[PDB]
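# This one's a deposited entry, sequence included:
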Amino acid sequence: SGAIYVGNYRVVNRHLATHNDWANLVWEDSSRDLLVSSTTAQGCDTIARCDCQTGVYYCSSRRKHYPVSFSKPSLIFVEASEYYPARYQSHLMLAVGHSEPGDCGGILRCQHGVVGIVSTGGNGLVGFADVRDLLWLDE
Ligand SMILES: COc1c(NC(=O)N2CCC[C@H](C(N)=O)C2)cccc1C(F)(F)F
Ligand SMILES: [Zn+2]
């Protein structure tokens with residue numbers, strides 16, 4: 001679990017969005033596993049606007065932060081799950097690191113701000129949904 005809170009927006013994994021997220025929907029994209037909902041309160045977070053390929057993520061299944069080197073946002077094949085058929089997920093960045101399904105939502109940050117959230121993983125890999133291209137989150 002986990003979310004990004006920037007301005008009047010809440011960014012979550014689309015597959016973990018609640019009834020209230022859908023009732024306050026701003027934008028969603030199944031191909032990216034992202035959903036953004038509106039908030040009444042002003043959020044705590046800053047979005048990175050950079051091309052960093054290293055950073056630190058929070059791993060809830062270890063209660064620890066880990067440093068990672070990750071690939072540039074790209075189209076990656078993701079096996080079928082209960083949430084989605086087998087498909088290519090776009091804007092996904094992979095890294096070697098521990099992750100379990102419940103780790104989705106953990107934030108990846110670099111020195112500039114929030115980069116993205118945990119969205120996929122397995123076999124010593126962790127995948128992050130990028131949010132740095134979503135310039136409208138800042139206005
Ligand atoms: C494949 O199972 C996982 C997952 N689950 C997912 O990646 N997915 C399930 C949720 C939607 C994701 C997506 N964005 O489509 C895919 C995450 C971390 C670790 C593992 C594990 F180690 F068990 F293999
Ligand atoms: Zn950066």
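Received the coordinates, thanks. Numbers count the residues shown, from 1 in each chain. Ligands and ions are numbered 1, 2, ... in the order given.

# now residue 14: how far from residue 27?
According to Cβ to Cβ, to the nearest Å, residue 14 stands 10 Å off from residue 27. Backbone N, C-alpha and C define where each C-beta goes, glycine included.

# Looking at those two now, which is surrounded by more residues?
residue 14 (20 against 13; other Cβ atoms under 10 Å).

# what residues are up against the more buried one?
Contacts for residue 14 (Cβ atoms under 8 Å, 6 or more residues apart in numbering) come out as 28-30, 32-35.

# Same list (those) but as TSV, adding neighbour count and secondary structure.
Converted to TSV, the contacts of residue 14 look like this (neighbours: other Cβ atoms under 10 Å; DSSP: H, G, I helix; E, B strand; the rest coil):
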residue	neighbour count	secondary structure
28	16	strand
29	15	strand
30	15	helix
32	21	helix
33	25	coil
34	24	strand
35	23	strand
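
# out of those residues, who's near ligand 1?
The subset of the contacts of residue 14 lying close to ligand 1, counting by Cβ under 6 Å from any ligand atom, consists of residue 33.

# Can you give me the domain assignment for this structure?
Using CATH domains of a matching chain, the domains assigned to the chain come out as 3-44, 45-139.

# can you tell if the last one touches ligand 1?
Which is domain 45-139. Yes. Using Cβ under 6 Å from any ligand atom, domain 45-139 comes into contact with ligand 1 via 78, 81, 83-84, 89, 99-101, 119-122.

# about what we covered before: next, show the common contact partners of residue 14 and residue 27.
Common neighbours of residue 14 and residue 27 (criterion: Cβ under 8 Å, 6+ apart): 34-35.

# Pull up the residues of this structure that are close to ligand 2.
Listed as neighbours of ligand 2 in the chain under the rule Cβ under 5 Å from the ion: 48, 50, 52, 110, 112.

# show me what contacts the closest residue to the third one other than its chain neighbours?
Residue nearest to residue 52 in three dimensions, not counting chain neighbours: residue 110, with 3.9 Å by Cβ to Cβ, 6 or more residues apart in numbering. Contact partners of residue 110, counting by Cβ under 8 Å, 6+ apart, are 48, 50, 52, 54-56.
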